[PDB]
Each structure stands twice: as structure tokens, then as C-alpha cells.
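Okay, start-v6.pdb is below, PDB, C-alpha atoms:
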```pdb
ATOM      1  CA  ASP O 119      21.466 -31.855 -86.425
ATOM      2  CA  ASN O 120      18.764 -32.143 -83.703
ATOM      3  CA  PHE O 121      17.499 -35.302 -81.950
ATOM      4  CA  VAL O 122      14.287 -36.601 -83.555
ATOM      5  CA  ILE O 123      12.441 -39.784 -82.517
ATOM      6  CA  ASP O 124      11.885 -42.106 -85.563
ATOM      7  CA  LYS O 125       8.402 -41.404 -87.084
ATOM      8  CA  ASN O 126       8.074 -45.199 -87.335
ATOM      9  CA  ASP O 127       9.740 -46.069 -84.033
ATOM     10  CA  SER O 128       9.240 -44.408 -80.636
ATOM     11  CA  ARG O 129      12.244 -46.524 -79.405
ATOM     12  CA  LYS O 130      14.631 -45.164 -82.078
ATOM     13  CA  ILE O 131      16.381 -41.821 -82.546
ATOM     14  CA  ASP O 132      17.060 -40.235 -85.949
ATOM     15  CA  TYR O 133      20.074 -37.952 -85.267
ATOM     16  CA  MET O 134      22.534 -36.748 -87.950
ATOM     17  CA  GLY O 135      20.667 -39.087 -90.367
ATOM     18  CA  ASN O 136      22.065 -41.960 -88.222
ATOM     19  CA  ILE O 137      19.787 -44.373 -86.309
ATOM     20  CA  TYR O 138      20.180 -45.185 -82.552
ATOM     21  CA  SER O 139      17.990 -47.685 -80.636
ATOM     22  CA  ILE O 140      17.586 -48.029 -76.856
ATOM     23  CA  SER O 141      17.681 -51.534 -75.363
ATOM     24  CA  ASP O 142      17.964 -51.437 -71.546
ATOM     25  CA  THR O 143      21.281 -50.330 -70.022
ATOM     26  CA  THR O 144      21.220 -48.212 -66.805
ATOM     27  CA  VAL O 145      23.855 -45.407 -67.245
ATOM     28  CA  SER O 146      25.372 -44.381 -63.863
ATOM     29  CA  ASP O 147      26.613 -40.782 -63.187
ATOM     30  CA  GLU O 148      30.220 -42.001 -63.324
ATOM     31  CA  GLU O 149      29.645 -43.026 -66.972
ATOM     32  CA  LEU O 150      27.375 -40.021 -67.754
ATOM     33  CA  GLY O 151      29.023 -36.834 -69.146
ATOM     34  CA  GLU O 152      27.096 -33.526 -69.441
ATOM     35  CA  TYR O 153      23.705 -32.213 -70.686
ATOM     36  CA  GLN O 154      23.186 -32.464 -74.466
ATOM     37  CA  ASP O 155      19.518 -31.778 -75.374
ATOM     38  CA  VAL O 156      15.994 -31.553 -73.860
ATOM     39  CA  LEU O 157      12.906 -33.565 -74.845
ATOM     40  CA  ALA O 158       9.166 -33.122 -74.119
ATOM     41  CA  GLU O 159       6.916 -35.818 -75.712
ATOM     42  CA  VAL O 160       5.675 -39.348 -74.799
ATOM     43  CA  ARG O 161       4.775 -42.416 -76.936
ATOM     44  CA  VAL O 162       3.369 -45.912 -76.511
ATOM     45  CA  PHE O 163       4.575 -48.987 -78.544
ATOM     46  CA  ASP O 164       4.486 -52.849 -78.363
ATOM     47  CA  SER O 165       8.020 -53.652 -77.182
ATOM     48  CA  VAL O 166       7.979 -57.108 -78.801
ATOM     49  CA  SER O 167       8.880 -55.464 -82.130
ATOM     50  CA  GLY O 168       8.583 -51.697 -81.371
ATOM     51  CA  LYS O 169       5.235 -51.092 -83.209
ATOM     52  CA  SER O 170       4.063 -47.585 -82.279
ATOM     53  CA  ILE O 171       0.465 -47.393 -80.999
ATOM     54  CA  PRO O 172      -1.813 -44.390 -81.842
ATOM     55  CA  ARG O 173      -3.096 -41.981 -79.164
ATOM     56  CA  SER O 174      -6.598 -43.397 -79.756
ATOM     57  CA  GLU O 175      -5.451 -46.722 -78.143
ATOM     58  CA  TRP O 176      -3.560 -45.194 -75.141
ATOM     59  CA  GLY O 177      -6.710 -45.662 -73.001
ATOM     60  CA  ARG O 178      -9.112 -47.818 -75.028
ATOM     61  CA  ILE O 179      -6.890 -50.901 -75.435
ATOM     62  CA  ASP O 180      -9.398 -53.386 -76.909
ATOM     63  CA  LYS O 181     -12.563 -54.973 -75.393
ATOM     64  CA  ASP O 182     -12.229 -58.446 -77.037
ATOM     65  CA  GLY O 183      -8.910 -58.378 -79.011
ATOM     66  CA  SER O 184      -7.190 -60.227 -76.086
ATOM     67  CA  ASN O 185      -3.891 -58.265 -75.959
ATOM     68  CA  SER O 186      -2.390 -61.378 -74.177
ATOM     69  CA  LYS O 187       0.609 -61.312 -76.635
ATOM     70  CA  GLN O 188       0.950 -57.485 -76.871
ATOM     71  CA  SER O 189       3.092 -55.695 -74.256
ATOM     72  CA  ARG O 190       2.750 -51.912 -74.421
ATOM     73  CA  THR O 191       5.592 -49.742 -73.179
ATOM     74  CA  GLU O 192       5.130 -46.073 -72.329
ATOM     75  CA  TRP O 193       8.354 -44.105 -72.698
ATOM     76  CA  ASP O 194       8.555 -40.449 -71.736
ATOM     77  CA  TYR O 195      11.078 -38.351 -73.697
ATOM     78  CA  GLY O 196      13.599 -37.217 -71.108
ATOM     79  CA  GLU O 197      16.648 -35.072 -71.797
ATOM     80  CA  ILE O 198      19.779 -36.437 -73.423
ATOM     81  CA  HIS O 199      23.241 -36.455 -71.872
ATOM     82  CA  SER O 200      26.694 -37.445 -73.203
ATOM     83  CA  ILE O 201      28.829 -40.431 -72.056
ATOM     84  CA  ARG O 202      32.411 -40.231 -70.776
ATOM     85  CA  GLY O 203      34.837 -41.841 -73.272
ATOM     86  CA  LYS O 204      32.130 -42.313 -76.000
ATOM     87  CA  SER O 205      30.864 -40.242 -78.945
ATOM     88  CA  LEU O 206      27.151 -39.568 -79.538
ATOM     89  CA  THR O 207      27.639 -41.196 -82.992
ATOM     90  CA  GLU O 208      28.294 -44.610 -81.387
ATOM     91  CA  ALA O 209      26.367 -44.416 -78.083
ATOM     92  CA  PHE O 210      24.838 -41.889 -75.688
ATOM     93  CA  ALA O 211      22.492 -41.576 -72.666
ATOM     94  CA  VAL O 212      18.736 -40.705 -72.686
ATOM     95  CA  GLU O 213      16.504 -40.056 -69.666
ATOM     96  CA  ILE O 214      13.761 -42.731 -70.152
ATOM     97  CA  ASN O 215      11.134 -43.103 -67.397
ATOM     98  CA  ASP O 216      13.379 -40.970 -65.116
ATOM     99  CA  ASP O 217      16.252 -43.467 -65.700
ATOM    100  CA  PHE O 218      19.180 -42.606 -68.045
ATOM    101  CA  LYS O 219      19.408 -45.446 -70.634
ATOM    102  CA  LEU O 220      22.134 -46.296 -73.156
ATOM    103  CA  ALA O 221      21.240 -46.086 -76.868
ATOM    104  CA  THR O 222      23.461 -47.633 -79.567
ATOM    105  CA  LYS O 223      23.591 -47.117 -83.350
ATOM    106  CA  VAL O 224      21.584 -49.646 -85.441
ATOM    107  CA  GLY O 225      21.049 -49.841 -89.248
ATOM    108  CA  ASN O 226      17.212 -50.144 -89.106
TER     109      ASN O 226
END
```

In C-alpha cells, what does this structure look like?
Amino acid sequence: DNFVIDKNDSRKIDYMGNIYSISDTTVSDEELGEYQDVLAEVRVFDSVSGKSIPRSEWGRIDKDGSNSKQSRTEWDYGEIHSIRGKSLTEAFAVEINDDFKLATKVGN
């Protein structure tokens, strides 16, 4: 219908009621197709599991909590583009941190 980031996961996309997650795959222009949709939001999560962090923690981490086993990731919602020889329903490309990354359907 329209690309929506999962309310529970800043690393997932809720599109057509289907669920697509982004690992880390650099998508070159030769594999990239054409422009699909434009984004304009940013989120922060702990990449270990994908736990979204609130905007109140985006600056004030913790002063004693020892985040030594918590690895935040700040992903900027970049525009979406298609992939040559692949449907959006299986896999597509998303501009993440100015780098187009491959997202693949997942069931969670």
C-alpha cells in the first residue's frame, strides 16, 4: 500500500501487510532498478536484537548503566528503489545511511 517502518522495529518494513528486514547487503547501480518511494524519518535501535530506543535516550545514553553490551545503530530513512530481476514482495533496495541496502521478507 505504502512503505511503513514497523512500529516495533526500526529495522523492519511493513509493506502490503508483508514484513521485510534489512541485514547488510550493498546494492550496486547495476542491480538497482528505478525510484519507488521517498522517506524522511530517523530512528535509533540496539542492533543486537533490533530493540528501538526512545528519543529521550538519543543523547542521554546512561550515566552508570554501562552500555558495554548495547550497540546502538542510527538509521536514516532514505528513499526506496526497485531491483532488476526481483519483485518488491521478495526483496528491494533502501537508501540507509546514504548506502542502498537489500531488504528481504521475514515472518517476524

Selection result of the PyMOL selection byres ((chain O and resi 198) around 12) on this file, as a ChimeraX atom specification = /O:120-122,131,133,145,150-158,195-197,199-201,206,209-214,216-221

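We find atom CA of residue 188 of chain O and atom CA of residue 166 of chain O to be spaced 7.3 Å apart.
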
inquiry  = One number please: atom CA of residue 167 of chain O to atom CA of residue 123 of chain O, in Å, one decimal.
reply    =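 A separation of 16.1 Å between them.
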
task = Quick one: apply the PyMOL selection byres ((chain O and resi 174-179) around 12) to the file and drop the selected residues here as a PyMOL selection string.
result = chain O and resi 160-164+170-173+180-186+188-192

request  = Determine the nearest neighbour of residue 225 of chain O from the options O:119, O:142, O:132, O:194, counting all atoms listed in the file.
outcome  =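 Nearest candidate to residue 225 of chain O out of O:119, O:142, O:132, O:194: O:132.
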
As JSON, please report the centre and edge lengths, rounded to one decimal in Å, of the axis-aligned box that holds all listed atoms of segment 136-152 of chain O with 5 Å of padding on each of the six sides.
```
{"center_x": 23.9, "center_y": -42.5, "center_z": -75.7, "size_x": 22.6, "size_y": 28.0, "size_z": 35.0}
```

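In this model, the gap between atom CA of residue 205 of chain O and atom CA of residue 125 of chain O comes to 23.9 Å.
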
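Considering the residues O:159, O:124, O:168, O:187 and counting all atoms listed in the file, residue 141 of chain O has its shortest atom-to-atom contact with O:168.
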
task = Might you pull out every residue within 7 Å of residue 223 of chain O, with all atoms listed in the file counted and same-chain residues fewer than 3 positions away left off, and present them as a PyMOL selection string?
result = chain O and resi 137-139+208-209

With C-alpha atoms retained, write the just-selected residues as a compact mmCIF listing (two decimals), in the coordinates of the input.
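To be explicit, this is the file written out as part07.txt:
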```
# COMPACT_ATOMS: atom_id res chain seq x y z
CA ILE O 137 19.79 -44.37 -86.31
CA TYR O 138 20.18 -45.18 -82.55
CA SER O 139 17.99 -47.68 -80.64
CA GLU O 208 28.29 -44.61 -81.39
CA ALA O 209 26.37 -44.42 -78.08
```

key: Nearest residue to residue 128 of chain O from the set O:224, O:149, O:144, O:193 (distances using only C-alpha atoms)   = O:193

Nearest residue to residue 127 of chain O from the set O:215, O:226, O:146, O:207 (distances using only C-alpha atoms) = O:226

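Ranking O:126, O:165, O:222, O:143 by their shortest atom-to-atom distance to residue 204 of chain O, with all atoms listed in the file included, puts O:222 first.
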
Hey, could you patch up segment 193-224 of chain O with N, CA and C atoms and hand it over as a PDB file, in the coordinates of the input?
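Resulting contents of out-v4.pdb:
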```pdb
ATOM      1  N   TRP O 193       7.100 -44.805 -72.888  1.00  0.00           N
ATOM      2  CA  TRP O 193       8.354 -44.105 -72.698  1.00  0.00           C
ATOM      3  C   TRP O 193       8.139 -42.616 -72.869  1.00  0.00           C
ATOM      4  N   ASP O 194       8.603 -41.891 -71.855  1.00  0.00           N
ATOM      5  CA  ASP O 194       8.555 -40.449 -71.736  1.00  0.00           C
ATOM      6  C   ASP O 194       9.901 -39.908 -72.202  1.00  0.00           C
ATOM      7  N   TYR O 195       9.888 -38.964 -73.143  1.00  0.00           N
ATOM      8  CA  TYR O 195      11.078 -38.351 -73.697  1.00  0.00           C
ATOM      9  C   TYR O 195      11.691 -37.345 -72.728  1.00  0.00           C
ATOM     10  N   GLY O 196      12.738 -37.828 -72.074  1.00  0.00           N
ATOM     11  CA  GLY O 196      13.599 -37.217 -71.108  1.00  0.00           C
ATOM     12  C   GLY O 196      14.825 -36.680 -71.832  1.00  0.00           C
ATOM     13  N   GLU O 197      15.507 -35.734 -71.197  1.00  0.00           N
ATOM     14  CA  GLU O 197      16.648 -35.072 -71.797  1.00  0.00           C
ATOM     15  C   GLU O 197      17.820 -36.039 -71.959  1.00  0.00           C
ATOM     16  N   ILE O 198      18.618 -35.708 -72.966  1.00  0.00           N
ATOM     17  CA  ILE O 198      19.779 -36.437 -73.423  1.00  0.00           C
ATOM     18  C   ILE O 198      21.033 -35.843 -72.814  1.00  0.00           C
ATOM     19  N   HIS O 199      21.944 -36.746 -72.472  1.00  0.00           N
ATOM     20  CA  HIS O 199      23.241 -36.455 -71.872  1.00  0.00           C
ATOM     21  C   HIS O 199      24.316 -37.293 -72.566  1.00  0.00           C
ATOM     22  N   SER O 200      25.543 -36.786 -72.588  1.00  0.00           N
ATOM     23  CA  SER O 200      26.694 -37.445 -73.203  1.00  0.00           C
ATOM     24  C   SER O 200      27.226 -38.565 -72.300  1.00  0.00           C
ATOM     25  N   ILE O 201      28.192 -39.346 -72.793  1.00  0.00           N
ATOM     26  CA  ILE O 201      28.829 -40.431 -72.056  1.00  0.00           C
ATOM     27  C   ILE O 201      30.334 -40.186 -72.115  1.00  0.00           C
ATOM     28  N   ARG O 202      30.982 -40.392 -70.974  1.00  0.00           N
ATOM     29  CA  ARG O 202      32.411 -40.231 -70.776  1.00  0.00           C
ATOM     30  C   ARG O 202      33.143 -41.302 -71.575  1.00  0.00           C
ATOM     31  N   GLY O 203      34.063 -40.909 -72.457  1.00  0.00           N
ATOM     32  CA  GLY O 203      34.837 -41.841 -73.272  1.00  0.00           C
ATOM     33  C   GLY O 203      34.091 -42.398 -74.486  1.00  0.00           C
ATOM     34  N   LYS O 204      32.930 -41.843 -74.867  1.00  0.00           N
ATOM     35  CA  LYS O 204      32.130 -42.313 -76.000  1.00  0.00           C
ATOM     36  C   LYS O 204      31.519 -41.147 -76.766  1.00  0.00           C
ATOM     37  N   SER O 205      31.449 -41.257 -78.088  1.00  0.00           N
ATOM     38  CA  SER O 205      30.864 -40.242 -78.945  1.00  0.00           C
ATOM     39  C   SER O 205      29.378 -40.531 -79.119  1.00  0.00           C
ATOM     40  N   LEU O 206      28.593 -39.482 -79.337  1.00  0.00           N
ATOM     41  CA  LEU O 206      27.151 -39.568 -79.538  1.00  0.00           C
ATOM     42  C   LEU O 206      26.812 -40.462 -80.728  1.00  0.00           C
ATOM     43  N   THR O 207      27.690 -40.476 -81.728  1.00  0.00           N
ATOM     44  CA  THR O 207      27.639 -41.196 -82.992  1.00  0.00           C
ATOM     45  C   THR O 207      27.778 -42.713 -82.867  1.00  0.00           C
ATOM     46  N   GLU O 208      28.130 -43.202 -81.684  1.00  0.00           N
ATOM     47  CA  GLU O 208      28.294 -44.610 -81.387  1.00  0.00           C
ATOM     48  C   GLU O 208      27.323 -44.964 -80.267  1.00  0.00           C
ATOM     49  N   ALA O 209      27.257 -44.156 -79.200  1.00  0.00           N
ATOM     50  CA  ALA O 209      26.367 -44.416 -78.083  1.00  0.00           C
ATOM     51  C   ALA O 209      26.270 -43.196 -77.182  1.00  0.00           C
ATOM     52  N   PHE O 210      25.104 -43.012 -76.570  1.00  0.00           N
ATOM     53  CA  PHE O 210      24.838 -41.889 -75.688  1.00  0.00           C
ATOM     54  C   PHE O 210      23.773 -42.267 -74.667  1.00  0.00           C
ATOM     55  N   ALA O 211      23.476 -41.361 -73.735  1.00  0.00           N
ATOM     56  CA  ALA O 211      22.492 -41.576 -72.666  1.00  0.00           C
ATOM     57  C   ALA O 211      21.214 -40.741 -72.834  1.00  0.00           C
ATOM     58  N   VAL O 212      20.046 -41.341 -72.590  1.00  0.00           N
ATOM     59  CA  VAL O 212      18.736 -40.705 -72.686  1.00  0.00           C
ATOM     60  C   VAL O 212      17.919 -40.956 -71.431  1.00  0.00           C
ATOM     61  N   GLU O 213      17.347 -39.914 -70.843  1.00  0.00           N
ATOM     62  CA  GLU O 213      16.504 -40.056 -69.666  1.00  0.00           C
ATOM     63  C   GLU O 213      15.192 -40.712 -70.135  1.00  0.00           C
ATOM     64  N   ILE O 214      14.971 -41.983 -69.800  1.00  0.00           N
ATOM     65  CA  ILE O 214      13.761 -42.731 -70.152  1.00  0.00           C
ATOM     66  C   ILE O 214      13.122 -43.183 -68.853  1.00  0.00           C
ATOM     67  N   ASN O 215      11.876 -42.767 -68.613  1.00  0.00           N
ATOM     68  CA  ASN O 215      11.134 -43.103 -67.397  1.00  0.00           C
ATOM     69  C   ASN O 215      11.965 -42.734 -66.160  1.00  0.00           C
ATOM     70  N   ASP O 216      12.548 -41.534 -66.183  1.00  0.00           N
ATOM     71  CA  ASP O 216      13.379 -40.970 -65.116  1.00  0.00           C
ATOM     72  C   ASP O 216      14.668 -41.767 -64.887  1.00  0.00           C
ATOM     73  N   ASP O 217      15.029 -42.668 -65.806  1.00  0.00           N
ATOM     74  CA  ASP O 217      16.252 -43.467 -65.700  1.00  0.00           C
ATOM     75  C   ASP O 217      17.077 -43.273 -66.976  1.00  0.00           C
ATOM     76  N   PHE O 218      18.325 -42.808 -66.874  1.00  0.00           N
ATOM     77  CA  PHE O 218      19.180 -42.606 -68.045  1.00  0.00           C
ATOM     78  C   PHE O 218      19.578 -43.952 -68.654  1.00  0.00           C
ATOM     79  N   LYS O 219      19.146 -44.218 -69.892  1.00  0.00           N
ATOM     80  CA  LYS O 219      19.408 -45.446 -70.634  1.00  0.00           C
ATOM     81  C   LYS O 219      20.340 -45.240 -71.820  1.00  0.00           C
ATOM     82  N   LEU O 220      21.152 -46.262 -72.078  1.00  0.00           N
ATOM     83  CA  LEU O 220      22.134 -46.296 -73.156  1.00  0.00           C
ATOM     84  C   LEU O 220      21.488 -46.643 -74.490  1.00  0.00           C
ATOM     85  N   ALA O 221      21.740 -45.843 -75.521  1.00  0.00           N
ATOM     86  CA  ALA O 221      21.240 -46.086 -76.868  1.00  0.00           C
ATOM     87  C   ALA O 221      22.461 -46.337 -77.737  1.00  0.00           C
ATOM     88  N   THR O 222      22.364 -47.269 -78.677  1.00  0.00           N
ATOM     89  CA  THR O 222      23.461 -47.633 -79.567  1.00  0.00           C
ATOM     90  C   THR O 222      23.003 -47.608 -81.019  1.00  0.00           C
ATOM     91  N   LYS O 223      23.892 -47.172 -81.922  1.00  0.00           N
ATOM     92  CA  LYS O 223      23.591 -47.117 -83.350  1.00  0.00           C
ATOM     93  C   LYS O 223      23.141 -48.475 -83.891  1.00  0.00           C
ATOM     94  N   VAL O 224      22.128 -48.487 -84.750  1.00  0.00           N
ATOM     95  CA  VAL O 224      21.584 -49.646 -85.441  1.00  0.00           C
ATOM     96  C   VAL O 224      21.375 -49.204 -86.897  1.00  0.00           C
TER      97      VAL O 224
END
```
